[PDB]
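In what follows, a structure is listed as structure tokens, so that the remarks can point back to it.
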Protein chains: 2
Amino acid sequence: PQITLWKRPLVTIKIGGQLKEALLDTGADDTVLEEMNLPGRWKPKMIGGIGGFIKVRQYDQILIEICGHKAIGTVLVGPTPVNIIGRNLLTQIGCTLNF
Amino acid sequence: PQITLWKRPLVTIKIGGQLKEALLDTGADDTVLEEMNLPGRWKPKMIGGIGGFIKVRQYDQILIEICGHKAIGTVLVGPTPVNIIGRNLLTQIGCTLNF
Ligand SMILES: CCOP(=O)(COc1ccc(C[C@H](NC(=O)O[C@H]2CO[C@H]3OCC[C@H]32)[C@H](O)CN(CC(C)C)S(=O)(=O)c2ccc([C@@H](C)O)cc2)cc1)OCC
């Protein structure tokens, strides 16, 4: 599909057996999701942007479905104010910017 | 152009007569640039990111050329970690997401 940018590019994702709304974010290197108790091992990480850094848990090889397009990669979980689909997964679903 | 996301979507912009590098950022509502000198009036504003809120200077109706496409809109100037082009200007240059 084609997503205009008049409004936030929010889409439905499926992760860890749950459906959620997330932002398709070309400004994010990697993917950051709201607090959720995923199974498996993880390692602590710090990610920063406007306003400073937050503490997150890094999970590797997590399967996410984004608008019916499957992707598998690293997912950071923590007190992010919004679910952010970053380039690590956007590339896997063939997402591009066009103007 | 069509821009893939294997690398950060960095482009050259022209603002206030100076060239800079900025990130096309579909997860940003607004455009925020690092500390710089711009002519004209401005008003204090607050903007919140993944880490919290920062103080910025709001410049309205600013001419900015993004990858050869002209825009005139609001530019926020403050301690952002990177120059980001937000949806307020991405819409002006006709940018969409496609997958
Ligand atoms: C309930 C809402 O809470 P808030 O309002 C903020 O919500 C948010 C917070 C963040 C975002 C996404 C970010 N956008 C953003 O900063 O946009 C600003 C400017 O325009 C405004 O629009 C939205 C906010 C304003 C951006 O796309 C991506 N970033 C990197 C850029 C900065 C280089 S990143 O997130 O920092 C990030 C850092 C490291 C990594 C690792 C993993 O690679 C992955 C992502 C969108 C909405 O207040 C909270 C106190």
Side-chain angles (χ1 to χ4, degrees), chain A residues 3 5-11 13 15 20-36 38 42-60 62 64 66 71 73-92 95 97, chain B residues 3 5-11 13 20-35 46-60 62 64 66 71 73-92 95 97:
Chain A
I3 299 170
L5 300 175
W6 295 118
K7 64 181 187 188
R8 288 166 170 147
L10 293 173
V11 300
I13 64 173
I15 171 170
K20 301 183 176 308
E21 301 294 284
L23 204 60
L24 302 181
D25 192 351
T26 62
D29 292 349
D30 285 296
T31 296
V32 190
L33 298 182
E34 61 181 273
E35 175 56 37
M36 62 187 311
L38 296 181
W42 55 270
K43 51 172 157 151
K45 188 175 176 68
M46 297 271 219
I47 57 171
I50 282 171
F53 285 73
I54 61 172
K55 307 175 185 167
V56 298
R57 309 191 299 282
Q58 177 181 335
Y59 294 88
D60 299 326
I62 300 298
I64 302 192
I66 304 150
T74 297
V75 172
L76 307 180
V77 174
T80 178
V82 180
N83 291 320
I84 292 167
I85 308 301
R87 293 187 297 98
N88 70 308
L89 302 182
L90 295 173
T91 54
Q92 300 189 31
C95 188
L97 288 168
Chain B
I3 301 175
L5 301 175
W6 301 102
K7 298 176 178 179
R8 290 172 177 163
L10 298 170
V11 302
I13 65 175
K20 296 172 159 295
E21 186 173 83
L23 186 71
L24 306 178
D25 187 350
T26 58
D29 299 351
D30 307 303
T31 292
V32 194
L33 304 179
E34 297 182 292
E35 174 60 24
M46 303 293 295
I47 60 171
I50 205 176
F53 287 83
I54 62 170
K55 291 176 54 169
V56 299
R57 290 142 43 201
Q58 179 175 335
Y59 294 85
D60 288 327
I62 293 292
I64 180 173
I66 301 157
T74 295
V75 175
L76 310 180
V77 176
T80 174
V82 309
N83 300 323
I84 58 184
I85 305 303
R87 288 187 298 101
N88 73 303
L89 300 182
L90 295 172
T91 54
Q92 291 202 18
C95 189
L97 285 171

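Just so you know, ligand 1 is whichever comes first in the structure, and atom 1 is the first atom listed for that ligand. Basis for what follows: all heavy atoms, side chains included, without hydrogens, waters or symmetry-related copies. Chain A is the first sequence line, chain B the second, and so forth, proteins listed ahead of strands; every chain is numbered from 1.
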Practice problem: Determine the minimum heavy-atom distance between A/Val56 and A/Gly78, stating which atoms define it. | Solution: CG1-CA, 4.1 Å

Exercise. Write down the atom of B/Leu90, the atom of B/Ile85, and the distance for their closest heavy-atom approach.
Key: CD1-O, 3.7 Å

Quiz item: Minimum heavy-atom separation for B/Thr74 to B/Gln58, with atom names?
Solution: CG2-CG, 3.8 Å

Quiz item: Closest approach of B/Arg87 and A/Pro9, non-hydrogen atoms and distance?
Solution: CD-CD, 3.9 Å

For ligand 1, list all ligand N or O to protein N or O distances below 3.5 Å, rounded to 0.1 Å.
residue, atom, partner, partner atom, Å
ligand 1, 14 (N), B/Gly27, O, 3.2
ligand 1, 20 (O), B/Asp29, N, 3.3
ligand 1, 20 (O), B/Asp30, N, 3.2
ligand 1, 22 (O), B/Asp29, N, 2.9
ligand 1, 27 (O), A/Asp25, OD1, 2.8
ligand 1, 27 (O), A/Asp25, OD2, 2.5
ligand 1, 27 (O), B/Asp25, OD1, 2.6
ligand 1, 27 (O), B/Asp25, OD2, 3.2
ligand 1, 43 (O), A/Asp30, N, 3.1

Quiz item: Does any non-hydrogen side-chain atom of B/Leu23 lie less than 4.5 Å from one of B/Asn83?
Solution: no

Quiz item: With a 4.0 Å cut-off, would you call B/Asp29 and A/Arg8 a salt bridge?
Solution: yes

